[PDB]
Amino acid sequence: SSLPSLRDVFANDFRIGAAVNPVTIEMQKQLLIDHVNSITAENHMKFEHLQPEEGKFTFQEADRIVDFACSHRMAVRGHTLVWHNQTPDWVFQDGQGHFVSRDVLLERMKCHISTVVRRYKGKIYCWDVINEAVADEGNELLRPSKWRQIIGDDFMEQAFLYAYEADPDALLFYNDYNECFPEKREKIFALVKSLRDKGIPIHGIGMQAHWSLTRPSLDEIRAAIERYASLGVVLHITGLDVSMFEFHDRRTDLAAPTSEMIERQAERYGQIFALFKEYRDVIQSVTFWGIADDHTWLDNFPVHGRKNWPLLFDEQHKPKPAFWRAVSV
Ligand SMILES: O[C@@H]1[C@@H](O)[C@H](O[C@@H]2CO[C@@H](O[C@@H]3CO[C@@H](O[C@@H]4CO[C@@H](O[C@@H]5CO[C@@H](O[C@@H]6CO[C@H](F)[C@H](O)[C@H]6O)[C@H](O)[C@H]5O)[C@H](O)[C@H]4O)[C@H](O)[C@H]3O)[C@H](O)[C@H]2O)OC[C@H]1O
């Protein structure tokens with residue numbers, strides 16, 4: 001009540017978002033209403049939750065998310081159309097269980113993108129069209145995937161063009177994680193630059209920002225922002241969280257964060273939002289992958305069955321020390 005509202009604090013800088021589903025919308029309703037002006041579906045706008053079988057569209061959960069957002073004047077980011085994960089097997093198969101033609105996968109991709117994007121036209125202002133296509137390791141530019149396998153390397157071009165035709169007023173994003181590690185950063189840059197150079201309607205890069213207390217460094221975040229902004233795209237931070245564990249830290253028996261963890265996280269969040277505010281001219285939206293520590297996918301990834309404390313509010317929805325540093329930049 002005397003607490004500052006995130007969206008108001010950053011009114012002149014960027015929207016503040018949260019990834020939700022119908023359960024967490026209920027469980028965290030007041031936090032969302034008090035703090036965010038933007039909503040993303042954590043799972044219920046992915047392919048498997050929209051077209052689980054060919055011709056069977058299940059919009060019910062996505063609809064509730066959108067209805068919530070509209071009834072509280074929140075923008076909506078659509079997530080996500082084309083991705084190597086959470087896409088049912090039928091998409092790539094024929095009756096015989098073999099892989100489909102390039103042309104058949106294109107028709108399925110187009111049908112899906114047109115049905116989904118047209119339904120929410122005028123309520124969803126941007127879409128993560130392509131998710132995580134760039135390789136996370138090695139020196140190949142692109143990760144392997146059945147989309148890429150079957151269609152070829154121009155599947156991303158096609159997807160953006162399909163999405164643009166379905167709603168040409170939407171901002172279309174390439175979305176990815178580890179976006180600030182230099183070698184991956186240069187792949188993302190090179191990929192997006194190539195698409196823009198062919199006139200493909202890609203308007204933005206989504207920086208997932210699934211970050212740790214240490215990685216990436218502030219200098220790596222700054223360099224990535226400037227590298228991407230130089231392409232003329234808009235930047236969204238799309239899944240911000242700050243894990244208490246580094247990647248190598250697979251501990252399962254921490255029942256609570258240490259006070260050192262909590263303190264360093266507050267500092268880390270303060271520094272990060274200072275950096276975001278500095279680049280307010282190119283960052284238009286900052287979405288957390290959740291909103292309070294009672295729900296986070298980091299509880300079970302990358303270690304199943306533990307607990308993480310990655311967000312600005314604790315499990316009782318009370319502001320953490322990271323909250324105070326974040327709003328005071
Ligand atoms: O049934 C369960 C589901 O309910 C649940 O579904 C959902 C899964 O998706 C979640 O939303 C996702 C989360 O964010 C994005 O996907 C993530 C992106 O982060 C990746 O993790 C990175 C892996 O790589 C690490 O880097 C190391 C560096 O060291 C080496 F060089 C290695 O080469 C690298 O591996 C990074 O540190 C990690 O962050 C994940 O692989 C990827 O999945 C999506 O945009 C977004 O949709 C939902 O929240 C969650 O509910 O989970 C699945 C199922 O069990």
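Ligands are counted one by one from 1 in listed order, and the atoms in each one are counted from 1 as well. For this chain, numbers begin at 1 and follow the sequence in order.
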### Query
Going by distance alone, is a donor N or O of one side chain under 3.5 Å from an acceptor N or O of the other, for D294 and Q28?
yes
### Task
Kindly confirm or rule out an N or O of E137 lying under 3.5 angstrom from an N or O of ligand 1.
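Min N/O separation from ligand 1 is below 3.5 Å for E137.
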Distance below 4.0 Å between [atom] and any protein heavy atom?
{"atom": "atom 14 (O) of ligand 1", "answer": "yes"}
{"atom": "atom 17 (C) of ligand 1", "answer": "yes"}
{"atom": "atom 1 (O) of ligand 1", "answer": "no"}
{"atom": "atom 48 (C) of ligand 1", "answer": "yes"}
{"atom": "atom 21 (O) of ligand 1", "answer": "yes"}
{"atom": "atom 6 (O) of ligand 1", "answer": "yes"}

### Message
Contact between ligand 1 and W289 is defined here as a heavy atom of the residue under 4.0 Å from a ligand atom; is it met?
### Response
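Contact present.
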### Task
Please confirm whether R215 comes under 4.0 Å of ligand 1, counting heavy atoms of the residue only.
no
Please state which protein non-hydrogen atom is closest to [atom] and give its distance, to 0.1 Å?
{"atom": "atom 29 (O) of ligand 1", "value": "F247 CE2, 3.9 Å"}
{"atom": "atom 8 (C) of ligand 1", "value": "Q86 OE1, 3.4 Å"}
{"atom": "atom 32 (C) of ligand 1", "value": "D136 OD2, 4.1 Å"}
{"atom": "atom 23 (C) of ligand 1", "value": "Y177 CE1, 3.7 Å"}
{"atom": "atom 9 (O) of ligand 1", "value": "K46 NZ, 3.1 Å"}
{"atom": "atom 37 (O) of ligand 1", "value": "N178 OD1, 3.9 Å"}

### For ligand 1, the portion of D128 having any non-hydrogen atom under 4.0 Å away
neither
### Message
Please work out, at 4.0 Å between heavy atoms, whether the side chain, the backbone, both, or neither of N43 comes within that distance of ligand 1.
### Response
side chain
Sidechain N-carboxylate O distance under 4.0 Å for [X], [Y]:
{"X": "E179", "Y": "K184", "result": "no"}
{"X": "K29", "Y": "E26", "result": "yes"}
{"X": "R77", "Y": "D128", "result": "yes"}
{"X": "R185", "Y": "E220", "result": "no"}

So that I know where these two stand, are [X] and [Y] an aromatic pair - ring centroids less than 6.0 Å apart?
{"X": "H236", "Y": "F14", "answer": "no"}
{"X": "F273", "Y": "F10", "answer": "yes"}
{"X": "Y174", "Y": "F160", "answer": "no"}
{"X": "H295", "Y": "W289", "answer": "no"}

### Query
Taking the six-membered ring for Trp, are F92 and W147 parallel (under 30°), tilted (30 to 60°) or perpendicular (over 60°)?
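It falls in the perpendicular class, over 60°.
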#### Entry: cation_pi(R227, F189) dist<6.0 Å, angle<=45
yes
### Task
Compute both the distance and the angle, then confirm whether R15 meets the cation-pi test with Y125: under 6.0 Å from the six-membered ring centre, within 45 degrees of the axis.
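Yes, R15 and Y125 form such a contact.
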### Task
Go through ligand 1 atom by atom and flag the ones less than 4.0 Å from a non-hydrogen atom of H79.
45 (O), 46 (C), 47 (O)
### Summary
Heavy-atom proximity to atom 40 (C) of ligand 1, picking from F301, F181, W211, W83, points to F301
